[PDB]
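Understanding the architecture of this molecule
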Amino acid sequence: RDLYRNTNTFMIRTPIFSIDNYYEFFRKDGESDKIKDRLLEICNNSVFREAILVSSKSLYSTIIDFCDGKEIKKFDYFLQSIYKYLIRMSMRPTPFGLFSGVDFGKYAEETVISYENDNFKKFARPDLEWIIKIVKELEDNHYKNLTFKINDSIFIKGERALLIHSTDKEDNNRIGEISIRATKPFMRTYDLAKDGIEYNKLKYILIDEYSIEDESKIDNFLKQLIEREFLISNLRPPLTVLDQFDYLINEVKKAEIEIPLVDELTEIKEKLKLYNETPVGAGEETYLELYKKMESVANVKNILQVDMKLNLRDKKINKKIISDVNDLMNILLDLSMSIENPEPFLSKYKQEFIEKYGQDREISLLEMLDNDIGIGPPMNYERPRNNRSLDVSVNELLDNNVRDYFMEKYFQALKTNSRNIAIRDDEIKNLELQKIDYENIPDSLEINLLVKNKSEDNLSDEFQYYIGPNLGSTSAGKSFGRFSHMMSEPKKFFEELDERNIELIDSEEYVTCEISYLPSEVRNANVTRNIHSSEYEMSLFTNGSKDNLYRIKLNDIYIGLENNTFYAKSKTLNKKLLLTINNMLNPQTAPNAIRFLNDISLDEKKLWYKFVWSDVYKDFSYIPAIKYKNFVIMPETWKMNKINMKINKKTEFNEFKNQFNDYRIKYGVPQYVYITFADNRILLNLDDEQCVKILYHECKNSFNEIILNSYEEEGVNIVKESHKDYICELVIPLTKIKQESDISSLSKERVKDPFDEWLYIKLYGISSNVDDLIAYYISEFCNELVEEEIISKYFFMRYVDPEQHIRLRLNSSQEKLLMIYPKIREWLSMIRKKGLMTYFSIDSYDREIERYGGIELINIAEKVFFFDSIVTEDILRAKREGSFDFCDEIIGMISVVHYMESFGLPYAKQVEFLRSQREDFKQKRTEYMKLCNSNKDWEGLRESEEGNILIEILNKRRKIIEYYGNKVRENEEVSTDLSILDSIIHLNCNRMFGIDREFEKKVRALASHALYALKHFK
Amino acid sequence: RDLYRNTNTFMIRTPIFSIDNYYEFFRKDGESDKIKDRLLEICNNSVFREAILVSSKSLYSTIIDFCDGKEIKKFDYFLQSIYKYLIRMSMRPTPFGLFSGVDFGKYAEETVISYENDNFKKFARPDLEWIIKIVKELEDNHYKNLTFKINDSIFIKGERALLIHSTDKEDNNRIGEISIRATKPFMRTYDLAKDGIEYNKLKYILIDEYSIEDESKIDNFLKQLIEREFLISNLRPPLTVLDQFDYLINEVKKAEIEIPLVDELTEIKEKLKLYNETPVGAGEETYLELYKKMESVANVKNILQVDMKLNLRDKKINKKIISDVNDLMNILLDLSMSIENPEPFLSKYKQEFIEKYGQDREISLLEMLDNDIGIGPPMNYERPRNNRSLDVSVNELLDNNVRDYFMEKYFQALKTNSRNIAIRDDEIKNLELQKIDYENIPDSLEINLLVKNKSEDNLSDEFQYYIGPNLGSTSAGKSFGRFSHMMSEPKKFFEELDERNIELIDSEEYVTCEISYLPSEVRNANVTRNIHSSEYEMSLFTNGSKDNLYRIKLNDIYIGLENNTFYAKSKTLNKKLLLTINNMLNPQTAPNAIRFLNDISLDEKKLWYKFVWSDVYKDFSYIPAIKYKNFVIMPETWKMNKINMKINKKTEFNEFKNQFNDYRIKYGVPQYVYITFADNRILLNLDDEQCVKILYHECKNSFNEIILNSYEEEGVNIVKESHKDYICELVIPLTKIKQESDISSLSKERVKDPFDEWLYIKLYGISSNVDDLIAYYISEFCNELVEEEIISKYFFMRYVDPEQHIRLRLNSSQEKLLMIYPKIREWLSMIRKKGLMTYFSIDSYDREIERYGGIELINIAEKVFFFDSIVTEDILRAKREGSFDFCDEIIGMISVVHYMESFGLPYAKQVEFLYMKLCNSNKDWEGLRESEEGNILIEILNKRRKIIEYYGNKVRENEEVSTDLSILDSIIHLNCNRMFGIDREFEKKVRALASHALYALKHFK
């Protein structure tokens, strides 16, 4: 079965020169091997010169001097640069500058890709580093004309206000939290600037309502907020519009400011329009005029960004490619089921969240991630690291059968001297792996493919695929967003993706939202400006493209768990958010909030390019190519270490050369390899290429990322111009086929200080005597205090920190509790002297209000816990006194059944409730069916006087549970009271038996079979 | 340079049959391949029959039927048993039964080992299961005649008393503690039976002093103590005497009991003497008579234990062997430095011990290991597991360069199709590993070697060595003690080991102590009775061999740390204990106390047979042999899994046979291999060998312990009888060459309850706003309580228990602390409402009495902490106001130097204990007082000076205090914590810079 379908279009990538320029440069067709000579004939190529100019203006100036014949001092460093760019212009399809370009194709019944005469169109635009220099300059002068909004990242925490990264930053301050004080005039500003205010309109209101007299005090105040980016002006362009520069000119035209600058920007816009029409190689002088004019307006290092479009004549591929890729995804998703814990840090974080907050609350995203008021971030987040000493250990738990399979594959490959390992469908089927569930399949993806034709002599589309060095991406659209200004109809592309996303998810519960973010170092944002079609937008440190009706704020995002998976909800909308980011922003370097919102959008989905064998082979210096059918998934690879290569920074060439030839002979390294960083394809039978090799080896300390990969050395290239071959990469986007409380964390209702109506004691060192201490000591003392009316009620339960303890909670007034504490000390000293305990502590009681039904019902649940304590004490005593001889399993079963009977869950439901969560251990059938039958009044149990004692104890608890059950059903705001019933059953088991998960599981199984067998009697 | 020297002697081990009996049974020289005929011929061999009789009387009875010509039921099961025993009699030197024997050799200038005609002596003696079956019967009938002692394993905990393993146990009970109530008449008996007492003398004291009037009450009391083994009778023999049965016959003569039993025991003793005189094979009829006599006295499964001595004529080996083993030990101890954390679980336990008890306390062994009053055992101990939910993840931290070295070795071996990997001294020297220290080299060891002539051509001692399957032992004499009754002069062997141990350790402080333990399942102890020459003995559940002067009791042992290594000490002796166990008792199944005492004796020593490459190759299904010079360190090995042998329990033979022949060719498995369990050497070219293979493989589910190892296929055997080869194994023992408080844990002095004169508050949620919370809020509130005289003093510090918090401690009376608690509540609510904290708790204050000098000086240290808190608040406030602008590093250095100066540690010591203008304290910090900033700083610090001088003089005045520099170091660590919190890097920097500045000032001091 096919799991994915294609979209309407795909991306084509291709370098500017054919492969012939590469082989011809290594003297393929000419005897000359002079160091210069050819070096002059490459610098006479105008397309090579213009490509260098747009990328590195320093290296350009050296090439001019070289053609002038001037002495160039380094020359060594000069050759390395020229060689590396000549290679990168012929061999690396990845699009950058003018070295490589992009185009968009369509699926067809045949493959044909061709170049037109009018190949290569330029798309130049201003760099964001340059634009934002002008924005700051203007608003630093003319702010009285501007309109301001509050920064949507703001968080207000007590008397402090915060932003997600440091602004107006300081080396003495970035060592800790940086914040402004939330003074009353700041809180007034926060309400006025909510949706934009004119500067003069804001100023006079503050001067009015605070009198001040000194006008300069308010000007100085507002300047601080603007300079620290708590206020954002209208001039700053959105990243989500199609043209940031046109936006800025429009805004300065609305303000009617700096009229001389408006003309200069218009002239720059016209010069830039002229430059984009010049063909490649003709633009050199035109670029320098524009670059000089822009440098005269704002002096920054980057100024211009340039892209180019291939402008192909034909651009069709045989849709057969989609049937092949669907085969690959099946085997990879099957293999993904062998890893049991693929995200160990996020999985640990769920346990911390549940232990703090339970299942029934939604928590503010910014509170939750805070170190002081939250639980902090996951332990692998490096922005504001978690300051707690938590355990960082992890294990993904690979299946030992799959570890064996790949190790036998490796051994057989070495023994037979095979350069590749092949996996096969029927070999994987024999592994007996668990099948993937549909909800775990990822909803869209992108894969990068190099395509070569396997034989022209068969006159057929026999294609060989290699997965590209970057593999792909986790969502369709991320690779395309960077080129939205080059697409003919970008809105129609993203509307399709948005429609298919909405089609795959639950209707009416979800809305789509885009995340947009401008970092402090704005060079990084030049790849982060893109179009989108999500309904809502959250724009941080920038103006948004959306109207204020569709604007979202970080302090409005609440996080919850459902089905053990995280979701995000907007409180103002009361909608769940489906979150998108249409660009290749790296999550691991973003602030923790953005990284977390990225992570949870992929929660419980498989990551398709996380390969199982990666951990099996991580220690080998050599790995064969891994392939499936006609896909090469990973290339053949070699790496270098201090054992196999013996190199120092004091080592020298010729000495390295001898040492490296021994490596090539020992490991079989072929003539062509990639050096897997930015140096790429190296020809080893050429001494200048080994000079690149040694310089990298020696900077990389002879180990660091010195990884060699084989070249794609079979098949032939599919893209041709006349007779010249071009190397070509496809990006294929795929979409999944569809298969049919307001109580705050520190409210005084939730958290009770010591002696604030409750005294909460932890008793340590109890494990050897737990049952005698409960049944005798605690029972007598607390039941005496109840009769003297000193306390109204108590309950206890057993827990584990490191070390086991009893938790004992007493309820009264603060006055009465402080009055008796001296007698509690004497009591606990007497217990210690007998050796029954070691030490104790007093703690804050944190009330689980939402779990037991809200602020009304938890008062009744705390009475239910009081009566269940008494019954437990009485059962433990009668058991110790020998008054009956039932096993622990029988007492558990009877207690569970008596709970459901008194809570009022009718028999038709009971079995299904005790299911949904011992077959040969039922062999006591007659005993269990006799005892668990509640009919008449436990008639089968009352048969023996031992059983009569037992039921007369349990019935002390009955009437309060009935009352609690009726109120839970009487409440219309509470639903699935079966979750409340389940919670109180766990606590009774804890009280009687302690922590034993297998024991509790046994009691619930062993009682579903007796209730089932009583079907004929109900 | 040689690290080890030989002892006077070594052990020789040899099977009872020559290897020719193996090849002749697989038709080496025979055309016939019938299963019978040969099956009849071996069953007519008298040595084989008696060997089977001594080991399994069941199978012996089947052999007799088979020779009587009856038809056996199983027959197939009959074949595999006879094959397995014939092979084990021919090929496995490990001594057991009559299958194999032992002898003791001496070193010489040349090797010659030869059998005499008088070979093979029997050494039969009774089994302990039978001895103790008889002992229980007598002490049940005749207890009134016996003398009794307390069980030396006893522990008393509050009102309960406990033993280290369950007695009179119950399957419901064994899951938890089992104990007797320590009632007053028990505590009286515990004093009376200290040195032993007669039953009547004990009974009538108790009856009198408790005036019980009903005599039967005390009888029924003492019977329960005896049945539960809280009392031990004189009849029960020591495991550490030479003959347990002669001891038992002697004690019943002293007691005069049951004289009709005593003559029967004496006659059993006589018949046993005659049996030991019979040659092997001649004894079947005499064994059955003695066996049936003994079974008539006590019916139990085992009854008799038998060994045999080889009685070699010649037994010299060339002393050259000792030089080769020194080379092996050099290269192995060199490799051992590549692993940083080889005992991961015990290192965690050292951290938990430092956390709970610190560096200055000695803790009772049975308290420390207790789950409730102690910290429990290490997390890998299986006898009462640690019930705490700790993280058990562990890592040994192998050096990445050595992993690379071994991985390129393995790749190169597979590529060249080589069957072995060789390690070399110069290759290891290029790894640039750290050098092993002399204190880490283990004091003694034993190594097992199979020895072959590399060739006969020279008639020369060119030897090839294979390390035996069990490798060796951690201590000299562990392999030997099991044969103490067969040695000619056992005391002279064990005396020289004790003397060599006493010579290696520190004089005067140490004594040697033997641990002896009898388990509840006594069959396991038949290998645990041995002689020793240690000065003291601890005997558990048994009588000892020593007088009461030299008896040690388990509740007398205290544990401490020194130099980050554990030691054990006796409180009565006031001596450290050098602990010995001269037998192969497995520590991993012993009670937690015995396992911990074993682990102590090896702490911070290397374990020589823990091979580094064992972790690197653990995932591979084939491994070449690892060798060095002329040692094969590990054999070549293959293992089977569900990928390479697709077999199931439903799989039939023939299909297995075709499946396996494929595996052989793919992996190159040779003709002879060991199946590494109790089936051992297999000839794969023979079909019944394949039947043994498949039978094992099916039960082992095609995975469990199915490891194949190659045979020692080159060289020739060195032991000959005329012209018959025997396989021979040596055990070489070696010894290292020498290179020249009374305050209990729950005393009211130590632990203070909440409001018990101390109020101890932990404040959470504070990490964003420390320094402001200290300098303003805590400062202004607590100092105002001192002015009111509501509290006498306070101090604070910063800690982590996962979450960061402040620890704030206030001192007053209980009545005053309960009176003001409402205002403390109002105070902390206001701090919370500003968002400066989240929640708080009240905790017990556990005072570090021994760290700060004992019960008197601790009261002064707590005043030093009070004045140091005030100075920290003042410095933090002045910094926040900007009254000075020094770096944190400057303030740290000045405070450290001011501490040493005011504590009175002179300059000549300061640079040994650990900018120039500021740290020069001369005149009156005159270089600092020059600026106004420096005058403000120094005036704050001088608030602290007077109390530190007073404290320092009292420390030096108390002659009971030693290394007062540890007190100064402690209080300097606290000052840094208050100002900067927890950052180990920053303090290390601050101290380093201060030392450099003080050293540069030598001309000025």
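What the entry reports as its method is cryo-EM, with 2.7 Å given for the resolution.

Here we look at the overall build of chain B
Helix and strand content of chain B: 33 helices and 39 strands. Projected onto the principal axes, the alpha-carbon positions of chain B cover approximately 110 × 90 × 60 Å. Across chain B, the centroid of the 141 positively charged side chains sits 2 Å from that of the 170 negatively charged ones.

Some details on the overall build of chain A
Scanning chain A for helices and strands turns up 34 helices and 39 strands. C-alpha extents for chain A along the principal axes are approximately 110 × 90 × 60 Å. For chain A, the residues scored as buried account for 54% of the 1018 residues in total. Here chain A displays about 49,200 Å² of accessible surface, and carbon together with sulfur accounts for 46% of that area. Across chain A, the 146 positively charged side chains and the 173 negatively charged ones have centroids separated by 2 Å.

Comments concerning the nonpolar core
The nonpolar side chains of soluble globular proteins are, as a tendency, buried together. Judged by nonpolar contacts, the single largest core of 428 residues is most densely connected at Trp130(A), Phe596(A), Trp130(B), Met368(B) and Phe596(B). When neighbours within four sequence positions are excluded, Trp130(B) is seen to be in contact with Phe245(B), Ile268(B), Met294(B), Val297(B), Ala298(B), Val300(B) and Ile303(B). Ranked by size, the runner-up nonpolar core spans 70 residues in total, among them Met837(A), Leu763(B), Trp827(B) and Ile842(B).

Here we look at the interface of chain B and chain A
Contacts between the two partners involve 62 residues from chain B, matched on the other side by 62 residues from chain A. Here chain B and chain A share an interface that buries about 5,500 Å² over both sides, 53% of which is from carbon and sulfur atoms. Inspection of the region where chain B meets chain A yields nine salt bridges. A salt bridge links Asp619(B) to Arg403(A), with the nearest nitrogen and oxygen atoms 2.8 Å apart. Applying the counting criterion to the chain B and chain A interface returns 29 residue pairs in polar contact. Every element with two or more residues in the side of chain B that touches chain A is listed here: α16 (400-416), α21 (655-667), β37 (803-811), α24 (814-833) and β38 (840-842) of chain B. Per-element tally for the side of chain B that touches chain A: the top contributor is α16(B), with 10 residues. Residue composition of the side of chain B that touches chain A, grouped by class: 22 nonpolar, 20 polar and 20 charged.

Quick word on the pattern of salt bridges
Residue and element names in this part refer to chain A. Tallying each qualifying case throughout the model produces 146 salt bridges over all chains. Of the charged contacts in the structure, one is a salt bridge between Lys-203 and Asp-219, with a shortest N-O distance of 2.9 Å. Pair noted here: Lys-203 is in helix α8 (residues 199-209) and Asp-219 is in helix α9 (residues 215-227), with a separation of 16 residues, a long-range link. Note on accessibility: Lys-203 and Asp-219 belong to one class, buried.

Concerning the domain arrangement of chain A
Residue and element names in this part refer to chain A. In terms of domain boundaries, chain A breaks down into domain 1 (147-233), domain 2 (320-434 + 484-601), domain 3 (636-711), domain 4 (743-847) and domain 5 (854-864 + 877-1018). Between the C-alpha centres of domain 4 and domain 5 the distance comes to 27 Å. If you look at the interface, domain 4 gives 15 residues, while domain 5 gives 14 residues. Roughly 1,300 Å² of surface becomes buried between domain 4 and domain 5 when both sides are summed, with 51% attributable to carbon and sulfur atoms. Connecting domain 4 to domain 5 are two salt bridges.

Some thoughts on the packing of aromatic side chains
Using the criterion set out here, one finds 116 aromatic pairs over all chains in the structure. A ring pair is formed by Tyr22(A) and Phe26(A), whose centres lie 5.0 Å apart and whose planes are at 75 degrees; its orientation type is edge-to-face. Among the aromatic residues, ring-to-ring pairing joins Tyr405(A), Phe406(A), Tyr410(A), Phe611(A), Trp613(A), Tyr617(A) and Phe620(A) into one connected group. Seen from the ring of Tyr760(A), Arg809(A) lies directly overhead, with NZ or CZ sitting 4.4 Å from the centre. Stacked on the ring of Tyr672(B), the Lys or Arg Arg681(B) has its end atom at 4.4 Å from the ring centre.

Some words on the environment of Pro95(A)
Its place among the elements puts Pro95(A) in the loop between α5 (76-91) and β3 (100-108). With 159 residues separating them in the primary sequence, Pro95(A) and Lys254(A) have C-alpha atoms 37 Å apart.

A few points about the packing of helix α10 (residues 244-255) of chain A against helix α11 (residues 259-277) of chain A
Residues and elements named next belong to chain A. Where α10 contacts α11, the two axes come as close as 11 Å, and the packing angle between them is 155 degrees. By the angle class used here, α10 and α11 are roughly antiparallel. Here α10 runs over α11; the crossing is left-handed. Facing α10, whose interface residues are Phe-245, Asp-246, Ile-249, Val-252 and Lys-253, α11 presents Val-262, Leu-265, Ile-268 and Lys-269.

Brief notes about the packing of helix α25 (residues 858-880) of chain A against helix α30 (residues 945-954) of chain A
Residue and element names in this part refer to chain A. As a packed pair, α25 and α30 sit with axes 9 Å apart at the nearest point and diverge in direction by 160 degrees. It follows from the interaxial angle that α25 and α30 lie roughly antiparallel. Once α25 is placed against α30, the crossing between them reads as right-handed. For the pair α25 and α30, contact is made by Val-871, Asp-874, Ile-875 and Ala-878 and by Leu-950, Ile-953 and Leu-954, respectively. Partitioning the contact of α25 with α30 into residue classes produces six nonpolar, no polar and one charged.

A few points about the pairing of strand β17 (residues 463-473) of chain A
Residue and element names in this part refer to chain A. In terms of burial, β17 is largely enclosed, as nine of its 11 residues are buried. Pairing analysis gives seven bridges linking strand β16 (residues 444-453) to β17, with the strands arranged antiparallel. Paired with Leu-450 across the two strands is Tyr-466, which belongs to β17. Note that β17 and strand β25 (residues 631-634) share two bridges and pair parallel. When the sheet's bridge partners are listed, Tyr-466 is paired in β25 with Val-632.

Side note on the sheet that holds strand β22 (residues 575-580) of chain B
Residues and elements named next belong to chain B. Spatially, six strands are ordered β14-β20-β21-β22-β18-β19 in an open sheet, and the strand pairing comes out mixed. Edge strands, defined here as strands with exactly one partner in the open sheet, are β14 (363-364) and β19 (536-540). By the bridge criterion, five bridges tie strand β18 (residues 510-517) to β22 in an arrangement that is parallel. Paired with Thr-512 across the bridge in β22 is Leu-578. Packed onto the sheet, helix α19 (residues 592-602) meets β18, β19, β20 (557-562), β21 (565-570) and β22 and runs at close to 120 degrees relative to β21.

Things to note about the state of the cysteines
All names here are of chain A. Tallied over the full model, the rule gives zero disulfides over all chains. The closest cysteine sulfur to the non-disulfide-bonded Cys-699 is located on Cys-691, 16 Å from its own sulfur. By relative accessible area, which is 60% here, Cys-699 ends up exposed.

Rules used in this analysis
- Residues numbered from 1 in each chain as written, not as in the entry; some residues may be left out.
- Chains lettered and ligands numbered in written order.
- Heavy atoms only, no water.
- Helix = DSSP H or I, 4+ residues; strand = E, 2+ residues; numbered from the N terminus.
- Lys, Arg positive; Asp, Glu negative; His and termini not counted.
- Charge placed at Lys NZ, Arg CZ, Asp CG, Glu CD.
- Buried < 20%, exposed > 50% of the residue type's maximum accessible area, 1.4 Å probe, protein only.
- Areas by Shrake-Rupley, 256 points an atom, 1.4 Å probe, with all protein chains shown as cover.
- Core = buried A, V, L, I, M, F, W, Y, C linked by side-chain atoms within 4.5 Å.
- Contact = heavy atoms within 4.5 Å.
- Buried area = accessible area lost by both parts, 1.4 Å probe.
- Salt bridge = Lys/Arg side-chain N within 4 Å of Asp/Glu carboxyl O.
- Polar contact = N/O pair within 3.5 Å; in protein donor to acceptor, adjacent residues only side chain to side chain.
- Nonpolar A, V, L, I, M, F, W, Y, C, P; charged D, E, K, R; others polar.
- Domains from an automatic or database assignment.
- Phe/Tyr/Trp six-rings, centres within 6.5 Å; stacked < 30°, edge-to-face > 60°.
- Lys NZ or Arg CZ within 6 Å of the ring centre and 35° of its normal.
- Axes fitted to C-alpha atoms, helices over the stretch in contact; angles between N-to-C directions.
- Parallel < 35°, antiparallel > 145°, perpendicular 65-115°, else oblique.
- Left-handed = near helix turned anticlockwise from the far one by under 90°.
- Pairing = 2+ DSSP bridges.
- Disulfide = S-S within 2.5 Å.

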